[PDB]
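This report refers to the structure that appears directly beneath it.
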2 protein chains.
Amino acid sequence: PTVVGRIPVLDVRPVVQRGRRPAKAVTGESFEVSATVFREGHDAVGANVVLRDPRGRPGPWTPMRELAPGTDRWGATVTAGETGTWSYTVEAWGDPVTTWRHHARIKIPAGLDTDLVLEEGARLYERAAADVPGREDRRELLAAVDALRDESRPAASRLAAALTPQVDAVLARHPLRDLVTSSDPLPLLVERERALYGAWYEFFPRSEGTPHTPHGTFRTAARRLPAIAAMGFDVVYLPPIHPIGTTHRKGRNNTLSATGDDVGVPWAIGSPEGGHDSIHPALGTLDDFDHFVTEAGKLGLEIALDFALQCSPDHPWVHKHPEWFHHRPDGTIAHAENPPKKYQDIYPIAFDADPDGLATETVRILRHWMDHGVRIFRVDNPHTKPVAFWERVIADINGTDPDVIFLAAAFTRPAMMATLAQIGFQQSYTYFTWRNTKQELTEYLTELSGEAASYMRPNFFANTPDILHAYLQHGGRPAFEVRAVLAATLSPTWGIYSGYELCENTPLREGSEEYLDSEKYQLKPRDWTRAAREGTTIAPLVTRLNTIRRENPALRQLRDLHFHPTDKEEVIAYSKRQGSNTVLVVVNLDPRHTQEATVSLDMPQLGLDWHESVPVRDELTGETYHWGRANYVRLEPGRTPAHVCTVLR
Amino acid sequence: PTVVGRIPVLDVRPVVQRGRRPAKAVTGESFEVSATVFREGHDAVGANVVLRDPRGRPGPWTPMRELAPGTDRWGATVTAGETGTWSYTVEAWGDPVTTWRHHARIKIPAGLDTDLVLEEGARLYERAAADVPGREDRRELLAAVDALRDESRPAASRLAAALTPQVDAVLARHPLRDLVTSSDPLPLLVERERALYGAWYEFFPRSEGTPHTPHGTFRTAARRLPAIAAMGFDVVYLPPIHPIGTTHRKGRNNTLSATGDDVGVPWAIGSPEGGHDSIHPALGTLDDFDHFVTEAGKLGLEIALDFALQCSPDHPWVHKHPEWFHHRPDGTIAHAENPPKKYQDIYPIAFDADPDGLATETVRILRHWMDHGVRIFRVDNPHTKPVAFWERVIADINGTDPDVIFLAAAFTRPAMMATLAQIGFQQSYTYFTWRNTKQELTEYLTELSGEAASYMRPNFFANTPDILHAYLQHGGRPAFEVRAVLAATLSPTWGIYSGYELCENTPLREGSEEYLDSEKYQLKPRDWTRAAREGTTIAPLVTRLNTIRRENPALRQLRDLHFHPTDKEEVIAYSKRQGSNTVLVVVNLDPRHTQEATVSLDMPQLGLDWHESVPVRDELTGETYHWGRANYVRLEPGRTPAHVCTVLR
Ligand SMILES: *[C@@H]1O[C@H](CO)[C@@H](O[C@H]2O[C@H](CO)[C@@H](O)[C@H](O)[C@H]2O)[C@H](O)[C@H]1F
Ligand SMILES: *[C@@H]1O[C@H](CO)[C@@H](O[C@H]2O[C@H](CO)[C@@H](O)[C@H](O)[C@H]2O)[C@H](O)[C@H]1F
């Protein structure tokens with residue numbers, strides 16, 4: 001056998017790890033399948049995509065087009081359906097009809113071999129008709145055959161009878177394909193909508209207590225859910241909900257010594273009260289948790305638990321499974337680190353003494369929470385545990401429960417971030433919070449919305465308990481407004497950590513990205529009712545952003561994204577599309593000064609001609625404009641962070 | 001099993017067609033094997049390349065280094081040896097010693113846990129020693145272990161005993177590798193030197209005749225060989241040597257009707273006198289050819305024959321194998337085309353009726369010429385025959401005779417060009433003749449010397465019977481000189497078509513790349529002796545260029561190539577290296593005006609510091625200069641096309 005087929009079809013994309021890992025999609029998501037297709041000689045080729053479902057049933061006829069002249073790169077859009085493992089194949093073929101037409105169009109006017117040329121056409125169309133399954137379609141082609149063969153008519157009219165729009169349509173639907181040649185199948189993993197699309201809210205249940213019981217329970221913390229659902233969130237992300245160690249417990253503002261009242265850090269998991277399969281006694285019981293999950297469910301909220309594979313020194317594993325830790329010559333275990341950050345309250349896990357035991361126990365723990373309605377896990381710092389460990393774990397869990405979603409909380413180098421997504425992580429944290437200028441946003445989002453989108457789904461948290469960017473520190477509320485608009489409109493998954501709404505932006509010190517009085521080390525009661533009454537929250541903006549997302553399919557996908565040029569460095573503009581839904585966003589990235597600019601839209605990229613005018617509505621205001629080629633905007637911090645417009649149709 | 005190993009080693013390169021075709025090299029050629037290598041956590045990794053020969057024997061220890069900070073891309077140079085199919089593997093591992101050293105160097109001076117740190121070192125070095133096969137090497141490591149454990153010495157000196165150059169050398173040669181992880185093997189095809197390196201000369205034997213017999217024979221044309229060898233060429237490329245059809249024979253200057261004297265085009269192969277396995281009667285016999293091949297051999301010249309899989313209408317195949325042609329409804333066979341070029345004197349071959357018969361006959365014909373000492377074929381327009389046909393043919397021929405070299409004469413789109421090389425073509429024609437500005441040469445050669453060098457070996461013909469570039473037409477002799485320097489120094493394979501030496505540059509008409517009175521359609525006798533006497537040939541320059549190439553290993557390879565900036569658009573500068581041989585070239589691409597410039601050398605890329613001065617000799621003149629950071633050149637067309645300097649040691 002030869003590697004190359006009769007009609008070359010090469011380098012089909014997307015491809016992940018040379019075919020050894022699947023490319024990704026979710027139900028209802030469209031993406032481009034592409035290939036290098038060409039043939040020997042000068043005759044024309046055609047190509048098409050055969051997308052097969054998990055039962056092997058092929059999708060509809062999906063012809064490809066050359067993506068740019070002279071490149072031999074061909075593409076077509078496919079749309080994933082039900083969940084499971086799909087496959088895709090590209091078929092390439094000689095297109096004798098396009099070839100014959102091109103030649104006939106020159107030769108008939110120039111009078112060269114006209115009887116021969118026209119009889120050659122007749123024979124192609126006759127072969128075409130043979131394969132057409134409709135009687136009416138077949139009859140149409142055979143009529144053009146007879147007109148092509150009618151030697152009593154002028155050559156120009158015998159030919160014209162074979163170039164009618166009615167024939168065009170039969171051939172476009174059932175074309176004559178020579179020497180059909182197939183690529184080898186490539187795997188596609190299709191997963192549920194929520195893997196790609198959702199709004200996430202993170203908060204600490206323990207902070208939502210009462211005057212008589214400051215440490216919240218699952219029962220008190222459930223009272224906070226209606227407001228989360230009202231802001232249009234879909235996922236609630238909870239930091240670890242397990243007992244918390246006492247040895248080397250950290251105090252307020254990340255101090256080394258806890259006082260007797262100090263609650264400690266939820267990530268310092270485990271005590272004699274229990275480990276990763278237990279509930280912190282001050283949060284209540286497994287039944288209180290079930291209640292919380294149930295109440296979340298009634299409001300359209302799914303729970304994501306933090307899974308942090310690490311231990312306080314009081315975690316049962318320390319004595320029950322010493323081999324799951326790296327011990328130094330004196331028998332002690334070095335606390336975990338992530339330089340320059342030190343984690344004196346925890347031990348990292350070692351994986352090379354008992355990998356089988358760790359995997360078995362990890363999936364046991366996850367299956368336990370899954371039995372209690374948790375179908376999403378936020379995996380803390382997966383880049384400090386082996387890549388293959390996660391590949392094995394995720395494959396074990398998804399093999400019985402493919403709906404489970406894992407989110408990689410890994411802020412690290414690009415190779416590891418990409419690899420984690422490729423080996424199974426449904427979602428990934430990103431460099432979003434460190435992309436704030438227009439150049440940075442434009443470059444980074446072009447990367448995420450391009451080839452990386454075949455294996456990585458990004459979750460744009462505008463802030464996290466560990467990240468209060470200098471942009472929010474110096475920018476105040478107007479910067480909070482900008483970052484929410486950006487996050488919500490540039491990724492189909494975004495989220496915030498409680499307090500973002502209130503523009504909490506006091507750092508631990510200058511040049512730090514830590515919050516002062518960080519919630520990680522203390523109860524942080526917040527007077528939500530007061531903030532709402534006093535209007536010192538951007539909950540309404542957040543609420544509006546999520547409503548717009550729910551009403552505009554373009555914002556529930558990632559790959560279709562285009563940046564339009566403006567004449568001010570502080571003003572960025574982009575559009576996103578999905579069927580007939582087009583959303584156009586203009587943001588002022590200066591949180592401190594009013595900016596005016598001309599936004600010059602790439603009109604063909606919106607499906608419009610250069611001269612056209614198009615009505616839009618700013619969904620932030622209800623205000624309507626008529627925009628085209630070149631549009632004046634004026635964006636005032638405080639009053640207007642951005643325009644978020646839908647194209648009216 | 002998991003796709004990813006314990007220590008990630010990903011995307012090993014070179015790779016061709018995702019591993020389904022081999023990457024290429026020749027005996028003695030060095031190239032970079034690279035991979036993405038990293039681990040979980042913050043400890044250091046190492047990596048190395050295991051190159052295995054056709055018998056499976058691994059090459060030497062070949063450690064890799066990270067190629068640029070923060071990228072996790074690692075590389076090392078390997079060198080191919082004997083011919084055949086090799087394999088290469090990248091091994092990645094935890095490097096605990098580098099990790100421990102880095103930490104020990106901070107902790108011992110700062111007094112933190114010193115007994116614990118040093119004992120951890122001792123245990124590593126003990127594990128190191130276990131795997132060392134030399135008694136003397138082992139004894140060295142065990143000494144540093146004992147010095148590390150000696151609690152009566154200061155901490156600084158217990159540590160210093162483990163950082164000696166003598167320990168460094170044992171560990172550099174036999175390091176402690178944790179969790180060794182291997183990539184899957186990738187195939188390497190290693191071929192003979194000539195596939196990559198050689199100077200080629202093309203000429204038409206028939207043009208080298210006598211006053212009494214103007215049509216040359218193999219016996220008269222042999223007289224021309226000593227001069228070809230004297231110019232330092234290694235390969236003689238002959239246009240087709242077979243009988244030439246009479247029906248539709250073309251006349252002079254590509255006219256449609258031959259007169260009775262007209263000789264026709266050698267590519268119009270076949271008559272009643274014979275086909276592709278015959279000799280044109282006016283060239284002599286198979287014995288005369290053997291004589292020519294023998295005489296070429298004695299002079300260090302190998303013969304490359306043109307193989308053009310096409311027929312005159314008088315070729316025997318037309319009646320013996322009608323099914324090897326596509327016939328139209330009236331029984332005629334459309335002449336071959338290559339738009340806008342028409343080939344009225346030939347028929348193209350059709351491959352879908354009897355692919356087996358065509359492959360069987362093609363290898364038969366090639367084996368016939370191979371029996372007569374032809375081990376190189378220049379394959380005419382392979383892009384008009386199926387890609388898989390060549391893949392099969394080349395695999396069949398190289399399976400018995402791996403030394404045979406095929407050269408793809410395909411000026412076409414990039415995809416097909418690359419594919420032809422990937423499926424087996426040892427050498428490729430290129431876009432060289434259409435790259436004449438500095439930007440064009442720089443861009444194109446960066447492409448050829450980079451990733452494409454793992455599957456394509458370029459043959460830089462400065463001209464061909466079909467290509468007289470406008471640059472040569474308008475530039476005159478100075479342009480001929482520039483293009484020879486460029487071709488000879490930028491590719492390890494280059495060539496010229498006879499007449500190039502004489503600066504024949506009269507086009508058929510303005511805006512054509514055809515020669516007037518093209519040798520393809522007529523005998524073209526040339527007064528070589530006169531041109532040599534009158535100094536109106538650049539044969540001496542050519543002769544010098546090939547001597548320089550034979551004396552400078554840097555110019556006998558392709559991948560090591562760097563462009564150095566100059567401050568004039570018309571002056572280009574580059575260097576090439578191979579062991580301690582460094583060649584530095586500066587060319588004035590303006591053939592009409594004198595150009596002066598400052599050449600600012602990237603000194604680290606020469607293995608030198610910025611401040612260093614280095615002696616060079618212009619091998620064109622014998623003249624010696626001292627060059628550094630910044631060097632003044634003055635290049636005068638006619639006198640000086642270029643400097644071609646060697647770095648003096
Ligand atoms: C992911 O986990 C890290 C380390 O586990 C968390 O860091 C916090 O928790 C540790 C352990 O209790 C503290 O020592 C550290 O000071 C905290 O910031 C991150 O918050 C999680 F995202
Ligand atoms: C490769 O082959 C082509 C076409 O075979 C040659 O074109 C010449 O020969 C044909 C056939 O005799 C003529 O019709 C044409 O006018 C010629 O230029 C090229 O020279 C070869 F490189």
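Side chains included, hydrogens not; waters and symmetry mates left out as well; all remaining heavy atoms used. Every chain is numbered from 1, with letters handed out A, B, ... down the list of sequences. Counting starts at 1 for both ligands and their atoms, in listed order.
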| query | If you count the atoms of ligand 1 from 1 in the order shown, which ones are under 4.0 Å from a heavy atom of A/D380? | reply | 1 (C), 2 (O), 3 (C), 5 (O), 19 (C), 21 (C), 22 (F)
| query | When the aromatic ring centroids of A/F432 and A/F461 are compared, is their separation below 6.0 Å? | reply | no
| query | Quick one: do A/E519 and A/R526 make a salt bridge, cutoff under 4.0 Å? | reply | yes
| query | How about B/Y343 and B/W267: are their ring centres within less than 6.0 Å of each other? | reply | no
| Looking at B/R252 and B/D517, does any basic side-chain N land under 4.0 Å from a carboxylate oxygen? | yes
| said: Looking only at the aromatic ring of each residue, does the gap between the centers of A/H242 and A/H315 stay below 6.0 angstrom? | reply: no
| said: On a heavy-atom basis, I'd like to know which of A/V265, A/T464, A/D466 is closest to atom 19 (C) of ligand 1. | reply: A/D466
| said: For the 3.5 Å polar cut-off, considering only N or O atoms, please tell me whether B/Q310 and ligand 2 meet it. | reply: yes
| Sub-4.0 Å atoms of ligand 1 with respect to non-hydrogen atoms of A/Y521 | 15 (C), 16 (O), 17 (C), 18 (O)
| request: Identify, by atom number and element, the atoms of ligand 1 in contact range of A/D345, meaning under 4.0 Å from any of its heavy atoms. | output: 11 (C), 12 (O), 13 (C), 14 (O)
| task | Under 4.0 Å from a heavy atom of A/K250: give me the atoms of ligand 1 that qualify, with their elements. | result | 13 (C), 14 (O), 15 (C), 16 (O)
| note | ligand 1 atoms nearer than 4.0 angstrom to some heavy atom of A/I346 are 5 (O)
| Which bit of B/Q344 is near ligand 2, meaning a heavy atom under 4.0 Å away: side chain, backbone, both or neither? | neither
| task | Identify, by atom number and element, the atoms of ligand 2 in contact range of B/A268, meaning under 4.0 Å from any of its heavy atoms. | result | 12 (O)
| message | Between B/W369 and B/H276 (judged by ring centroids, cut-off 6.0 Å), do the two rings come close enough to count as a pair? | response | no
| query | Is the closest basic N to carboxylate O distance between A/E202 and A/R378 below 4.0 Å? | reply | no
| query | Does A/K520, backbone or side chain, put an N or O under 3.5 Å from an N or O of ligand 1? | reply | yes
| remark: Near B/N254 (heavy-atom distance under 4.0 Å), the atoms of ligand 2 are 16 (O)
| Any chance the side chains of B/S271 and B/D314 put a donor and an acceptor closer than 3.5 Å? | no
| query | Any heavy atom of B/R378 sitting closer than 4.0 Å to ligand 2? | reply | yes
